[PDB]
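Chains as they are written, first to last, in the authors' numbering: chain C, 4 to 255; chain A, 6 to 254. Even for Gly, the Cβ is constructed at its ideal location relative to N, Cα and C. To keep things clear, I will list the structure first and then write my remarks on it.
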Amino acid sequence: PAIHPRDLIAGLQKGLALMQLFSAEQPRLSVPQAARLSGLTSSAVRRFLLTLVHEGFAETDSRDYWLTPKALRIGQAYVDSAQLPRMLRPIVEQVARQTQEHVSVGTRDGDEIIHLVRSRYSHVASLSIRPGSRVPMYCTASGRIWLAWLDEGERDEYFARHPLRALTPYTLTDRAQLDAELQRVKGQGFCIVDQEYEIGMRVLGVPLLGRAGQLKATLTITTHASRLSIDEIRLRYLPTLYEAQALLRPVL
Amino acid sequence: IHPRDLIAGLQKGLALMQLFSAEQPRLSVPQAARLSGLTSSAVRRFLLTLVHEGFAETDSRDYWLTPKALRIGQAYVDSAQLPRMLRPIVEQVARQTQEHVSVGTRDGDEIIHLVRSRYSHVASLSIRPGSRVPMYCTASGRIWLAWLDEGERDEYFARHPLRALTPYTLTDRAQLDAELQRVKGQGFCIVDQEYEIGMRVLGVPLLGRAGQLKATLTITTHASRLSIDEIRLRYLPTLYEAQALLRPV
Ligand SMILES: O=C(O)CCc1ccccc1
Numbered sequence: 004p005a006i007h008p009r010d011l012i013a014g015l016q017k018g019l020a021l022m023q024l025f026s027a028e029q030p031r032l033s034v035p036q037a038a039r040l041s042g043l044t045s046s047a048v049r050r051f052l053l054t055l056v057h058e059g060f061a062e063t064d065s066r067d068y069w070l071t072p073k074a075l076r077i078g079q080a081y082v083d084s085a086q087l088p089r090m091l092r093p094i095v096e097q098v099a100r101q102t103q104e105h106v107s108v109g110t111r112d113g114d115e116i117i118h119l120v121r122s123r124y125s126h127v128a129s130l131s132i133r134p135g136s137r138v139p140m141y142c143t144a145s146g147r148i149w150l151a152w153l154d155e156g157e158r159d160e161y162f163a164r165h166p167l168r169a170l171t172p173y174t175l176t177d178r179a180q181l182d183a184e185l186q187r188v189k190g191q192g193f194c195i196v197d198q199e200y201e202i203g204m205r206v207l208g209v210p211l212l213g214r215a216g217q218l219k220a221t222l223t224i225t226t227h228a229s230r231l232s233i234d235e236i237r238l239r240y241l242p243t244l245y246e247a248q249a250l251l252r253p254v255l
Numbered sequence: 006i007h008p009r010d011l012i013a014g015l016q017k018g019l020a021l022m023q024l025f026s027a028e029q030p031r032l033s034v035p036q037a038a039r040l041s042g043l044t045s046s047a048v049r050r051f052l053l054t055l056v057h058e059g060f061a062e063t064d065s066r067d068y069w070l071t072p073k074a075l076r077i078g079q080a081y082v083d084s085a086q087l088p089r090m091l092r093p094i095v096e097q098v099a100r101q102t103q104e105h106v107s108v109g110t111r112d113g114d115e116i117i118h119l120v121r122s123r124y125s126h127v128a129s130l131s132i133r134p135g136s137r138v139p140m141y142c143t144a145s146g147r148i149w150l151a152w153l154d155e156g157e158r159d160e161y162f163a164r165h166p167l168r169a170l171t172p173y174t175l176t177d178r179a180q181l182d183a184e185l186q187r188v189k190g191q192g193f194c195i196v197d198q199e200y201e202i203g204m205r206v207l208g209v210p211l212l213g214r215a216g217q218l219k220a221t222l223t224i225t226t227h228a229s230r231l232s233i234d235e236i237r238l239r240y241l242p243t244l245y246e247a248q249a250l251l252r253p254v
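In structure tokens:
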């Protein structure tokens, strides 16, 4: 329901926008560069940058400006509070104890998978590997699960923007092979990726669905290719994922 | 900074956004009002502005954050120079030791690990510190506490009870004070299972050009594998060497 302009705090709209203008390409910003990129006057943007410094979100040498780790607290506020991650935390730690592997819940954010929940159970198998909190879609188990639950339209939309570049020697780079896998995932109800995103990383995932059948999130086990064979991952870990799926149906 | 340059709407809005948590996953206007110290009318506009900008959603009564909030943290992760600068040396120390290596800095009253080595270099039974840890019972925390002036230390200890987290956590202020002055004079800190059972941590300061504390460097190991004696003899030289390599901070 459209919000009235009397209710909009402009300093907050522009402040939050400014903070997103820091990047790998723009790690620091001067007043002139920030006025450009943001569309404000130098005099105005300087007040925003100084405000960020005073609040601890930024530092300056008096001419350049860059963000501090405090920016992480924003959005950590989202990870801590978000309903689905809080609902899925206990099952993630249970499956971590049942597998001694790294367990993750993946959701779509933009064109990537984010892992809002990663197991903190500390007894993982000797040789282990943990996925980062933000991963690409086409070469990961949770990404392919998500791609497979899109219909052809958004799929082709994603694939038009993202070209299947190889991240390891083993990455699949042919669109035809990948569509075969994507339909296999929807067929069988689970996905295994063998070292297409990261060397050593074997990942098994299952979809978690809502009552209408739509994809809400994924549940994945990451293990090291030097310990388990795919055979063993299927026989030992997949039934555990199917049990977590069933347990999670009343939570929905 | 003169207060004529402070945009109060940015200040209060960012302060508001941090009120959401696991204990506080949603907020109503009066809830947000009393938690933030702002009037009912002001906080209503902050929350509707967040909704309009895509950082929040509402059902006209409760408000909660969206994933767009992550882009604010992401801007730090993409752009920060220090983690990029130290990541090579951290993954080298992890290769040299087969232990979890971390770079810590103070954020608020916690240590945030700006860099943690990949879980893959680590063999054997191990235990990795979290992304954020308290100061009074960690190696990185005690290094930071030791390099503060007394008044800043007083202010930290006025805020934070020395709560037992394990059977072995130091809870006496006087003992903790004497540990802190030993760290300053020794140039390293070892903590034996005060934060987590089984976890032993050795740390050194990373100093800046002026001699001021910039970050901490720690190696975390497991008490079932190494004695404190072996940590000191085998791993401390590795950290002193990484200190020297980092002197162009
Ligand atoms: O020890 C670990 O594996 C990491 C702890 C952690 C928790 C939540 C997000 C990132 C890392």
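Compare the C-alpha of residue i against each of the options and name the closest.
i	options	result
C:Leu-255	C:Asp-10, C:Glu-58, C:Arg-89 and C:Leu-19	C:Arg-89
C:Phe-162	C:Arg-178, C:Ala-38, C:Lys-17 and C:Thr-243	C:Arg-178
A:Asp-234	A:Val-209, A:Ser-131 and A:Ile-195	A:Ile-195
C:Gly-190	C:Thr-176, C:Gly-18 and C:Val-209	C:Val-209
C:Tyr-200	C:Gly-78, C:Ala-169, C:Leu-218 and C:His-227	C:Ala-169
C:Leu-15	A:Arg-31, A:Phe-25, A:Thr-63 and A:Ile-77	A:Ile-77
A:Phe-25	A:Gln-103, A:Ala-61 and A:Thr-110	A:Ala-61
C:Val-95	C:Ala-220, C:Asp-64 and C:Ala-37	C:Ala-220
A:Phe-193	A:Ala-215, A:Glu-160, A:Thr-143 and A:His-227	A:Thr-143
C:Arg-230	A:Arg-205, A:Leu-222 and A:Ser-125	A:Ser-125
C:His-165	C:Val-138, C:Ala-47 and C:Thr-44	C:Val-138
C:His-7	A:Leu-11, A:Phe-51, A:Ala-38 and A:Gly-146	A:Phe-51
A:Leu-218	A:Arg-111, A:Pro-172, A:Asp-10 and A:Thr-225	A:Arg-111
C:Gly-42	C:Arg-214, C:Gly-18, C:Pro-30 and C:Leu-53	C:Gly-18
C:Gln-103	A:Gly-109, A:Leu-130, A:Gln-86 and A:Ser-107	A:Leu-130
C:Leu-11	A:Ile-12, A:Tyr-173, A:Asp-83 and A:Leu-55	A:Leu-55
A:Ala-247	A:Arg-49, A:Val-98, A:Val-206 and A:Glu-157	A:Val-98
A:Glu-157	A:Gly-113, A:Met-204, A:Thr-174 and A:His-227	A:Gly-113
C:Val-206	C:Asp-182, C:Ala-183 and C:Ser-232	C:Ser-232
A:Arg-9	C:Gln-86, C:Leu-53 and C:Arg-100	C:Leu-53
A:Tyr-81	C:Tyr-81, C:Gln-86, C:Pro-30 and C:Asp-67	C:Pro-30
C:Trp-149	C:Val-108, C:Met-204, C:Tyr-173 and C:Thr-176	C:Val-108
A:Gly-59	C:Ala-20, C:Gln-36 and C:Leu-87	C:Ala-20
C:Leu-175	C:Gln-186, C:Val-188 and C:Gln-198	C:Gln-198
Should residue i go down as buried or exposed, given a rule of 16 or more other Cβ atoms within 10 Å for buried?
i	result
A:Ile-202	exposed
C:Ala-128	exposed
C:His-105	buried
C:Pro-134	buried
A:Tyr-141	buried
A:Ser-65	exposed
C:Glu-28	exposed
A:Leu-40	exposed
C:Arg-147	buried
A:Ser-84	buried
C:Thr-223	buried
C:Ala-38	buried
A:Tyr-245	exposed
A:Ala-215	exposed
C:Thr-225	buried
C:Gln-180	exposed
C:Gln-79	buried
A:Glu-115	buried
C:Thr-171	exposed
Pull up the DSSP beta-bridge partners for residue i, would you.
i	result
A:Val-108	A:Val-120 and A:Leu-222
C:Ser-145	Beta-bridge pairing links C:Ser-145 to no other residue.
A:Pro-139	A:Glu-115
C:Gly-208	C:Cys-194 and C:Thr-223
A:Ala-61	A:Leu-70
A:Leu-53	Per DSSP, none; premise fails for A:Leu-53.
residue 4 of chain A	Outside the shown range of chain A (6 to 254) lies residue 4 of chain A, about which nothing can therefore be said.
Just to check, is the beta-carbon of residue i closer than 6 angstroms to a non-hydrogen atom of ligand 2?
i	result
A:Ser-129	The model on display carries ligand 1 but not ligand 2.
**OP:** Inspect the CB distances between the stretch 78 to 96 of chain A and the stretch 246 to 254 of chain A and report whether three or more fall short of 8 angstroms.
**Re:** With a cut-off of 8 angstroms, the stretch 246 to 254 of chain A and the stretch 78 to 96 of chain A count as touching, because enough Cβ pairs lie within range.
Subject >> Residues near ligand 1, criterion Cβ-heavy atom distance below 6 angstroms >> reply: Matched residues: C:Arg-121, C:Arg-123, C:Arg-133, A:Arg-133, A:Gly-135 and A:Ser-136.
Subject >> Contact between the stretch 222 to 239 of chain A and the stretch 64 to 77 of chain A (3+ Cβ pairs under 8 angstroms) >> reply: Segments in contact, no.
**OP:** Would you check if the stretch 118 to 125 of chain C and the stretch 147 to 155 of chain C touch, i.e. whether three or more CB-CB distances between them fall below 8 angstroms?
**Re:** The stretch 147 to 155 of chain C, when compared against the stretch 118 to 125 of chain C, does not touch it at the 8 angstroms Cβ threshold.
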